[PDB]
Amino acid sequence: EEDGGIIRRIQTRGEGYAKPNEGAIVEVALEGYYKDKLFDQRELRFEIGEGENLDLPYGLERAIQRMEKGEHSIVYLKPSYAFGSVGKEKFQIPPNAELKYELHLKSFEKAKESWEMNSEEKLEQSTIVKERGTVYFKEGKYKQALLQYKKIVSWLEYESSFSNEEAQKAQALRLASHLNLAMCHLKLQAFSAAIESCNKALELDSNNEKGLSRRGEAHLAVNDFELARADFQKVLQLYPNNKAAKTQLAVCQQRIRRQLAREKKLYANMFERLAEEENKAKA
């Protein structure tokens, strides 16, 4: 299967049937060695699936998904399932490195899986995760915030057995999830992605001040002024007392103003230089 990439020797079995699943919050006590020299060691409460943002190899989170409460194990990770080709510089680990870890799974809470969730449970796990996400947002842990928000959109997609009331709630969570994902992507300077989320949001509320402004901000951030000017221009029509727009629109006009002056002289010079070659062409 993974052909011995994640090799694990169990030191002290863990009484319990339970094992963590993706999304499970876990309490671990880990020790990381690169050629028996320690390079990682700490007790952390993290969510399976976010380890990459806490400098955990993913073979390690994979290995945690096969442990039991209180268990003590040693995990052997080939370079592929470790920090592979990049290594981790803050841990002096270089490209293509095998790793050994001594983790000890203290406790955990499996995460409810999409299908286990009845209709109103989804409107609930979703609101929970939105908050979890905003929290991450405010701490500046933007990448970790994306994992929470994305969850919402997914969960509330196919599920349609909605009471028309529940429907609206689900629709608002989706609009909220998207506008929030755009904020993240903007903070990560992932503009092309900020526009996608904006568009998705807008497909929900085509007049959304937030979606419009952010999309407009993302275009501008990428120097796509014409499209940028289009969104702030719309934000104004819809929402005149809008500080950012009025200002951002200005920026767009100035740059677009310059842009034309450049281009114009360009054609002028190309024109003239062209006429030149032409006359000489009169042998």
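Numbers for residues come from their place in the sequence shown, where the first is 1.
**Student:** Where do the C-alpha atoms have the higher mean temperature factor in this entry, in 133 to 141 or in 98 to 106?
**Tutor:** Higher mean C-alpha B-factor: 98 to 106.
**Student:** Per the entry, where is the mean C-alpha temperature factor higher: 71 to 79 or 204 to 212?
**Tutor:** Looking at the recorded C-alpha B-factors, 71 to 79 comes out higher on average.
**Student:** At the C-alpha atoms, which of 241, 233, 248, 65 reaches the highest B-factor in this entry?
**Tutor:** Comparing C-alpha B-factors across 241, 233, 248, 65, the top value belongs to 241.
**Student:** Should residue 11 be placed in the lowest, middle or highest third of its chain by the C-alpha B factor in the entry?
**Tutor:** Tercile = highest for this residue's CA B-factor.
**Student:** By the record's CA B-factor, is residue 42 among the lowest, middle or highest third of residues in the chain?
**Tutor:** For residue 42, the deposited C-alpha B-factor lands in the highest third.
**Student:** Lowest, middle or highest third: where is residue 174 by Cα B-factor in its chain?
**Tutor:** As the PDB entry reports it, the C-alpha B-factor of residue 174 lands in the lowest third of its chain.
**Student:** Divide the modelled residues of the chain into thirds by Cα B-factor and specify which third, lowest, middle or highest, holds residue 229.
**Tutor:** CA B-factor rank for residue 229: lowest third.
**Student:** Going by the entry, which third of its chain does the Cα temperature factor of residue 148 land in?
**Tutor:** Its C-alpha B-factor, which the entry lists for residue 148, ranks in the lowest third among residues of this chain.
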